[PDB]
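Numbering (PDB author numbering), first residue to last: 24 to 58. Encoded as C-alpha coordinates, the structure appears first; notes follow it.
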(Lines of atoms letter the chains of each structure in order from A and count residues from 1; the text may use other names and numbers.)
(Lines give C-alpha, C1' and ligand atoms only; values in the text may rest on other atoms or scores of the structure.)
Protein backbone atom coordinates (compact mmCIF):
# COMPACT_ATOMS: atom_id res chain seq x y z
CA UNK A 1 0.00 0.00 0.00
CA UNK A 2 2.75 2.50 0.91
CA UNK A 3 2.73 4.45 -2.38
CA UNK A 4 1.55 8.05 -2.97
CA UNK A 5 -1.42 8.23 -0.57
CA UNK A 6 -4.63 9.94 -1.72
CA UNK A 7 -3.98 12.58 -4.42
CA UNK A 8 -2.49 15.74 -2.86
CA UNK A 9 -3.51 16.57 0.71
CA UNK A 10 -6.77 15.21 2.17
CA UNK A 11 -7.65 18.57 3.57
CA UNK A 12 -11.24 19.82 3.13
CA UNK A 13 -12.27 22.45 5.73
CA UNK A 14 -9.45 24.88 6.34
CA UNK A 15 -8.46 23.92 2.80
CA UNK A 16 -11.53 25.69 1.40
CA UNK A 17 -9.58 28.94 1.42
CA UNK A 18 -6.78 26.94 -0.17
CA UNK A 19 -8.90 26.24 -3.26
CA UNK A 20 -10.97 29.40 -2.72
CA UNK A 21 -8.70 31.07 -5.29
CA UNK A 22 -9.68 28.44 -7.85
CA UNK A 23 -12.98 26.57 -8.15
CA UNK A 24 -14.38 28.05 -4.91
CA UNK A 25 -16.33 30.84 -6.53
CA UNK A 26 -17.90 28.56 -9.15
CA UNK A 27 -20.04 26.68 -6.63
CA UNK A 28 -19.76 29.31 -3.88
CA UNK A 29 -22.03 31.56 -5.91
CA UNK A 30 -24.42 28.74 -6.68
CA UNK A 31 -24.28 26.93 -3.32
CA UNK A 32 -25.40 30.26 -1.99
CA UNK A 33 -28.56 30.71 -4.07
CA UNK A 34 -27.95 33.07 -6.93
CA UNK A 35 -29.69 32.59 -10.22
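From the three backbone atoms N, C-alpha and C, an ideal C-beta is built for every residue, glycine too.
- Under the three-state reduction of DSSP, residue 38 is assigned to coil, being neither helix nor strand.
- Annotation for residue 49: the continuous alpha helix (DSSP H) segment containing it runs 48-55.
- The beta carbons of residue 45 and residue 39 sit about 11 Å from each other, so the pair does not count as a contact at 8 Å.
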